[PDB]
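K.L.:
Mind having a look at this structure? Questions to follow.
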Amino acid sequence: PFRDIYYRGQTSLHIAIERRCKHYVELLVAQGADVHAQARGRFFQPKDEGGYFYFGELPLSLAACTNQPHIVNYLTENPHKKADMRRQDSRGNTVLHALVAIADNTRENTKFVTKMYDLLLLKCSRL
Amino acid sequence: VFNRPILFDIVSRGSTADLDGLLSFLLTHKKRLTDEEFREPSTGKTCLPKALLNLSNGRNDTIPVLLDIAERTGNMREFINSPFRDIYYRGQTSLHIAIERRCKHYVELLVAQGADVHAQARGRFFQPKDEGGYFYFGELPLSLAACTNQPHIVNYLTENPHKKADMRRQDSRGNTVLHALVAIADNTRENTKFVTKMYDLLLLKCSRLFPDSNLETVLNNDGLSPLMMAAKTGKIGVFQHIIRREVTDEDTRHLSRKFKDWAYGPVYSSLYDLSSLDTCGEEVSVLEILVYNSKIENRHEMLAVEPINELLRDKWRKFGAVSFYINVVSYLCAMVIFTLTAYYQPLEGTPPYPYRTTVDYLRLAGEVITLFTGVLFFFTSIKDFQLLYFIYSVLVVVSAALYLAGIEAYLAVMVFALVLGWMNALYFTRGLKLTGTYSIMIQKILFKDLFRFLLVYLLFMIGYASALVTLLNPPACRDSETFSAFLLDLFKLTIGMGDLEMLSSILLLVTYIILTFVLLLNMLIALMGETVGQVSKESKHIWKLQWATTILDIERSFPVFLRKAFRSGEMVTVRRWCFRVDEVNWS
Amino acid sequence: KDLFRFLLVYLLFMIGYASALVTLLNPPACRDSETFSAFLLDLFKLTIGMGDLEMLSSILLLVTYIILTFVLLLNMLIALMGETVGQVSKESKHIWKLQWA
Ligand SMILES: CC(C)C[C@H](NC(=O)c1cc2ccccc2s1)C(=O)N1CCN(C(=O)[C@H](CO)NS(=O)(=O)c2ccc(Cl)cc2Cl)CC1
């Protein structure tokens, strides 16, 4: 975990997913990584509160907001430790509320948000 | 041969057959190919441009015969670089003609044989369209090959193994290819497409040859450089690209302006360089040129460029907004002091210095403060919209001057300064709450209404008075004695509040006064019609441009070199005072 | 909007015009004997509302200055007229929907 205020708890899993490279993310997760990492940092708060990017403060939500369908599939279907979609955050958003925190009126942004948002509910309901 | 026209006709038609054997009499008469017989009296046009002027699908095969003939004549140097002597043309060597015909085939042959590449078409025709010339291209073959969208020739003309022209070579106005390449730039999409394309081509080429300095460093006689010249001439197309100039090649990456600092998933933070947009007053800056210049044509959209709109807003947040509110409140209190000071100004007549009371001292302070701000304004007006401001400074100075002498009946200027002071106050109040549309409406109606009306106003005075004297030798207006002023006031109330006695208190006078009524009414309606259509809802842009004026107006006020500076940047490999901008994209 | 744009000009001219007035008089037309400016205030209240202002004809700067308040007052009303017409927006057909709900 980082110790800054401009960053915090940004475990290696956060970096690996954000680079949009599942190749090392799965390797990192398989070896055993804290999937319930909490990027409780100033940079990670909404644009209104001084942070540039809010994504739910969870790798699962980070993999969700950033439009990473394959990693969210694996990160919840991986045989090793996995994150429950219900896992809340500082504001209790969970992936669904956070996935709406990055939603935008732009056509393309709403396209994957609504797409993946449906993906999560179907996944969560079955489990 | 026997006469010049036949030689010109023969070469123009491209017939080398009859051209053969002419060398016989050239040697026999020892006449040089550049002699007066081969040159026009006025233009001095030589066979070369004449032959090149009639380029027949790139098949003008008469040129090498002349080149071979020139070699035989023993005078080949002057033959190639043949300068015209007109005013409508000048120095238009054969190289200029060859390139302009968009035929590199003969240009390379001409250059290879040796031509004055640094030719200077210093002619009337070649000046900008504003100065009587139809085409300006930098006044150099390299710039001529650049402006005319000739990529292959500019590549060769600078990469040719023989003599080549350095891109830094200046001209009469010191433009060089880059400034000239911006002199032909146009807002049209296609024109900006090759200009920006080839403009980048030149910088990359110049940088590799001369890594010490980028080509934009060289300044024209006016002292602008491309970006400023594009800024001063309102070339949005080129300009909006120059600021966003990013070069991938590492050796030539340094000459970029839109870096890429970092990205956190879908948020990007491009680190724009603005080494020219803000010089802290050390040197002229694009931002100052872009707002404090009236000749600009595209100001509203030019400000919209990324590190310009954000840059102004950044100044607003820190040291642009607080100093604005310190200005409104401090200035408003100054006038209120002037208002109260004037109101309670010492009564009882003859107030040289009647201050012998506690409240009198407070009034004395009010007069002193207004006197101080009156002269303080004077220094900041001479140091440099300041018109009303300048009039305030002298008038308040005039007031205290007469007062200090204890001379009565000269509070007139002091009060008239006050009304101007509050008229001056229109400036600051404009910059907040999207105000100032009042100010724009005032000036547009100011000049118009007065002389449309006063024309009609006095038009009817004499017109109607002269008809009036028919009934009377000057009663209703002036009993006994000949005046027309009382008639003037009569009309002043006829429309303002009516109640005109007229001579009922003969019919033509009744009919004529009807015209002034209907004429006056519709003019007011037309004035009403003019104003409504003139509002334009501010176009949402006048405030933006006018607002930016306030921020920069404040910045030049206090010493910028102090800790009022935009963000700094790294030292080397990317010591440039860069500025940060952050944009989020989900693509 | 209207109130403090006008009342600013309204009191702006009271003192501005009264101070120019005392040049002719130590305080007649507005207040014979004794120094008040309120009667001047009402004088302007009628100058535009219904006219009929006596002024001191009942020196020229006072005539010129009272011309400014007139032209300044008139165009401000025109600008106020200009502001209102552009502000109507025909309700945009949406304010009623939201307000009705
Ligand atoms: C922080 C200040 C040192 C910056 C500087 N000074 C002032 O503003 C003032 C000086 C004083 C002195 C006595 C009473 C009142 C004031 S207000 C400054 O800001 N500038 C310098 C040149 N300028 C001026 O000299 C006038 C400033 O009054 N220009 S103005 O038309 O009257 C004006 C006034 C307020 C605002 Cl919102 C904008 C403007 Cl266009 C303009 C810009």
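Naming scheme: A, B, ... for chains in displayed order of the structure tokens; residues 1 onward per chain; ligands 1 onward as shown.
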Taking only C-alpha atoms and all ligand atoms into account, which residues have an atom no farther than 8 Å from ligand 1? I'd like them as an MDAnalysis selection string.

P.N.:
chainID B and resid 323:328 330:332 334 372:374 376:377 380:381 385:386 389 424:425 427:429 431 550 553:558

K.L.:
Taking the chain letters and numbering used in this document, name the residues of region 18-71 of chain A that DSSP puts in alpha helix (DSSP H), as a PyMOL selection string.

P.N.:
chain A and resi 18+22-31+59-65+69-71

K.L.:
Hey, list the chain A side of the contact with chain B: 10 Å cut-off, only C-alpha atoms, answer as a VMD selection string.

P.N.:
chain A and resid 15 17 to 20 43 to 44 52 to 53 62 65 to 67 104 106 108 to 109 112

K.L.:
Hey, can you spit out that residue selection with C-alpha atoms as a short mmCIF file (atom, residue, chain, number, x, y, z; two decimals), in the first residue's frame?

P.N.:
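To be explicit, this is the file written out as out_4.cif:
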data_model
loop_
_atom_site.label_atom_id
_atom_site.label_comp_id
_atom_site.auth_asym_id
_atom_site.auth_seq_id
_atom_site.Cartn_x
_atom_site.Cartn_y
_atom_site.Cartn_z
CA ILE A 15 -1.98 -0.69 -11.25
CA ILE A 17 -5.79 -3.72 -14.03
CA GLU A 18 -5.62 -0.01 -14.85
CA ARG A 19 -2.96 -0.61 -17.52
CA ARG A 20 -5.67 -2.67 -19.28
CA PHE A 43 -6.69 11.37 -6.24
CA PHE A 44 -9.42 8.70 -6.24
CA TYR A 52 -9.57 13.00 -10.69
CA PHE A 53 -11.10 9.51 -10.94
CA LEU A 62 -11.97 -0.39 -10.92
CA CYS A 65 -15.70 1.37 -14.33
CA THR A 66 -12.72 1.27 -16.71
CA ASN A 67 -14.69 -0.87 -19.23
CA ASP A 104 -21.81 10.18 -18.60
CA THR A 106 -22.20 10.75 -23.85
CA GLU A 108 -20.37 5.83 -25.96
CA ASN A 109 -19.90 6.15 -22.19
CA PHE A 112 -20.59 0.17 -21.97
#

K.L.:
List every residue of chain C that has an atom at most 10 Å from any atom of chain B, and for each one report the closest atom pair and its distance in Å to one decimal, counting only C-alpha atoms, with rows sorted by chain and then by increasing residue number, as CSV.

P.N.:
residue,atom,partner,partner_atom,distance
C:8,CA,B:422,CA,9.9
C:9,CA,B:422,CA,9.2
C:11,CA,B:339,CA,9.9
C:12,CA,B:339,CA,7.9
C:13,CA,B:419,CA,8.0
C:14,CA,B:343,CA,9.3
C:15,CA,B:343,CA,5.7
C:16,CA,B:415,CA,6.1
C:17,CA,B:415,CA,7.9
C:18,CA,B:343,CA,7.4
C:19,CA,B:343,CA,5.3
C:20,CA,B:415,CA,6.4
C:21,CA,B:412,CA,9.8
C:22,CA,B:347,CA,8.3
C:23,CA,B:409,CA,6.7
C:24,CA,B:409,CA,9.0
C:25,CA,B:349,CA,9.5
C:26,CA,B:348,CA,6.6
C:27,CA,B:347,CA,8.4
C:37,CA,B:343,CA,9.8
C:47,CA,B:497,CA,9.9
C:48,CA,B:496,CA,9.2
C:50,CA,B:497,CA,7.5
C:51,CA,B:497,CA,6.5
C:52,CA,B:497,CA,7.8
C:59,CA,B:412,CA,9.3
C:60,CA,B:412,CA,9.9
C:61,CA,B:412,CA,7.1
C:62,CA,B:412,CA,8.8
C:64,CA,B:416,CA,9.8
C:65,CA,B:416,CA,7.7
C:68,CA,B:419,CA,8.8
C:69,CA,B:419,CA,9.6
C:71,CA,B:446,CA,9.1
C:72,CA,B:442,CA,8.2
C:75,CA,B:442,CA,6.8
C:76,CA,B:438,CA,7.0
C:78,CA,B:528,CA,8.2
C:79,CA,B:438,CA,6.1
C:80,CA,B:438,CA,8.7
C:81,CA,B:532,CA,8.9
C:82,CA,B:532,CA,6.3
C:83,CA,B:537,CA,8.6
C:85,CA,B:532,CA,8.7
C:86,CA,B:537,CA,7.1
C:87,CA,B:537,CA,9.4

K.L.:
Applying 12 Å and only C-alpha atoms, which residues near residue 27 (chain B) remain after dropping the ones on its own chain fewer than 2 positions away? List them as a list in words.

P.N.:
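Listed by chain and then number, they are residues 21, 22, 23, 24, 25, 29, 30, 31, 32, 33, 69, 70, 71, 72, 73 and 74 of chain B.
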
K.L.:
Write a file of the selected residues as a PDB file, in the first residue's frame, keeping N, CA, C and O atoms.

P.N.:
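Written output follows (part35.pdb):
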ATOM      1  N   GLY B  21      21.448  25.845 -85.189  1.00  0.00           N
ATOM      2  CA  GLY B  21      22.163  26.682 -86.125  1.00  0.00           C
ATOM      3  C   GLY B  21      22.187  28.152 -85.770  1.00  0.00           C
ATOM      4  O   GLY B  21      22.979  28.901 -86.356  1.00  0.00           O
ATOM      5  N   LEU B  22      21.346  28.593 -84.831  1.00  0.00           N
ATOM      6  CA  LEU B  22      21.389  29.986 -84.403  1.00  0.00           C
ATOM      7  C   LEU B  22      22.699  30.301 -83.696  1.00  0.00           C
ATOM      8  O   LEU B  22      23.164  31.446 -83.716  1.00  0.00           O
ATOM      9  N   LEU B  23      23.317  29.295 -83.074  1.00  0.00           N
ATOM     10  CA  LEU B  23      24.599  29.508 -82.413  1.00  0.00           C
ATOM     11  C   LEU B  23      25.651  30.016 -83.388  1.00  0.00           C
ATOM     12  O   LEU B  23      26.631  30.647 -82.975  1.00  0.00           O
ATOM     13  N   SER B  24      25.470  29.750 -84.684  1.00  0.00           N
ATOM     14  CA  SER B  24      26.449  30.183 -85.674  1.00  0.00           C
ATOM     15  C   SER B  24      26.633  31.696 -85.645  1.00  0.00           C
ATOM     16  O   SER B  24      27.760  32.193 -85.541  1.00  0.00           O
ATOM     17  N   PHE B  25      25.533  32.451 -85.735  1.00  0.00           N
ATOM     18  CA  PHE B  25      25.652  33.904 -85.760  1.00  0.00           C
ATOM     19  C   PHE B  25      25.949  34.477 -84.380  1.00  0.00           C
ATOM     20  O   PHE B  25      26.514  35.572 -84.279  1.00  0.00           O
ATOM     21  N   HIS B  29      28.865  37.030 -84.372  1.00  0.00           N
ATOM     22  CA  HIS B  29      28.669  38.380 -83.865  1.00  0.00           C
ATOM     23  C   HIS B  29      29.187  38.558 -82.444  1.00  0.00           C
ATOM     24  O   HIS B  29      29.035  39.647 -81.880  1.00  0.00           O
ATOM     25  N   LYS B  30      29.783  37.518 -81.856  1.00  0.00           N
ATOM     26  CA  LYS B  30      30.280  37.562 -80.478  1.00  0.00           C
ATOM     27  C   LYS B  30      29.251  38.174 -79.533  1.00  0.00           C
ATOM     28  O   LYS B  30      29.598  38.873 -78.578  1.00  0.00           O
ATOM     29  N   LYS B  31      27.973  37.907 -79.792  1.00  0.00           N
ATOM     30  CA  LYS B  31      26.888  38.441 -78.982  1.00  0.00           C
ATOM     31  C   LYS B  31      26.550  37.462 -77.865  1.00  0.00           C
ATOM     32  O   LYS B  31      26.221  36.301 -78.126  1.00  0.00           O
ATOM     33  N   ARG B  32      26.635  37.936 -76.626  1.00  0.00           N
ATOM     34  CA  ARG B  32      26.315  37.099 -75.481  1.00  0.00           C
ATOM     35  C   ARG B  32      24.818  36.814 -75.429  1.00  0.00           C
ATOM     36  O   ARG B  32      23.989  37.637 -75.828  1.00  0.00           O
ATOM     37  N   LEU B  33      24.475  35.626 -74.926  1.00  0.00           N
ATOM     38  CA  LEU B  33      23.074  35.242 -74.815  1.00  0.00           C
ATOM     39  C   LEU B  33      22.291  36.174 -73.900  1.00  0.00           C
ATOM     40  O   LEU B  33      21.060  36.219 -73.990  1.00  0.00           O
ATOM     41  N   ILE B  69      23.739  26.601 -75.405  1.00  0.00           N
ATOM     42  CA  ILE B  69      24.160  27.823 -76.086  1.00  0.00           C
ATOM     43  C   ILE B  69      24.803  28.783 -75.095  1.00  0.00           C
ATOM     44  O   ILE B  69      25.835  29.401 -75.385  1.00  0.00           O
ATOM     45  N   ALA B  70      24.208  28.922 -73.908  1.00  0.00           N
ATOM     46  CA  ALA B  70      24.778  29.805 -72.896  1.00  0.00           C
ATOM     47  C   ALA B  70      26.192  29.376 -72.531  1.00  0.00           C
ATOM     48  O   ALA B  70      27.085  30.218 -72.375  1.00  0.00           O
ATOM     49  N   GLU B  71      26.417  28.068 -72.388  1.00  0.00           N
ATOM     50  CA  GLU B  71      27.762  27.579 -72.105  1.00  0.00           C
ATOM     51  C   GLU B  71      28.722  27.945 -73.229  1.00  0.00           C
ATOM     52  O   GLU B  71      29.867  28.336 -72.976  1.00  0.00           O
ATOM     53  N   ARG B  72      28.273  27.820 -74.481  1.00  0.00           N
ATOM     54  CA  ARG B  72      29.118  28.201 -75.608  1.00  0.00           C
ATOM     55  C   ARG B  72      29.434  29.691 -75.580  1.00  0.00           C
ATOM     56  O   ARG B  72      30.565  30.099 -75.871  1.00  0.00           O
ATOM     57  N   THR B  73      28.448  30.520 -75.231  1.00  0.00           N
ATOM     58  CA  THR B  73      28.664  31.963 -75.203  1.00  0.00           C
ATOM     59  C   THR B  73      29.722  32.366 -74.188  1.00  0.00           C
ATOM     60  O   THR B  73      30.272  33.469 -74.288  1.00  0.00           O
ATOM     61  N   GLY B  74      30.023  31.505 -73.218  1.00  0.00           N
ATOM     62  CA  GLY B  74      30.988  31.823 -72.190  1.00  0.00           C
ATOM     63  C   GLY B  74      30.448  32.647 -71.044  1.00  0.00           C
ATOM     64  O   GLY B  74      31.212  32.975 -70.126  1.00  0.00           O
TER      65      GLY B  74
END

K.L.:
Tell me which protein, DNA and RNA residues are within 7 Å of residue 95 (chain A), counting only C-alpha atoms, leaving out same-chain ones fewer than 3 positions away, and put them as a PyMOL selection string.

P.N.:
chain A and resi 56+61+64+85+98-99

K.L.:
Write out as a VMD selection string which residues come within 12 Å of residue 21 (chain A) when counting only C-alpha atoms, dropping same-chain ones fewer than 5 positions away.

P.N.:
(chain A and resid 13 to 16 26 to 28 63 66 68 to 71) or (chain B and resid 265)

K.L.:
I want to know what sits within 10 Å of region 180-189 of chain B, based on only C-alpha atoms, with residues of the same chain fewer than 3 positions away left out; could you give that as JSON, numbers by chain?

P.N.:
{"B": [128, 135, 136, 137, 138, 139, 140, 143, 144, 146, 147, 148, 149, 170, 171, 173, 174, 175, 176, 177, 192, 193, 194, 195, 196, 198, 199, 220, 225, 226, 227, 229, 230, 233, 234, 235, 236, 237, 238, 239, 298]}
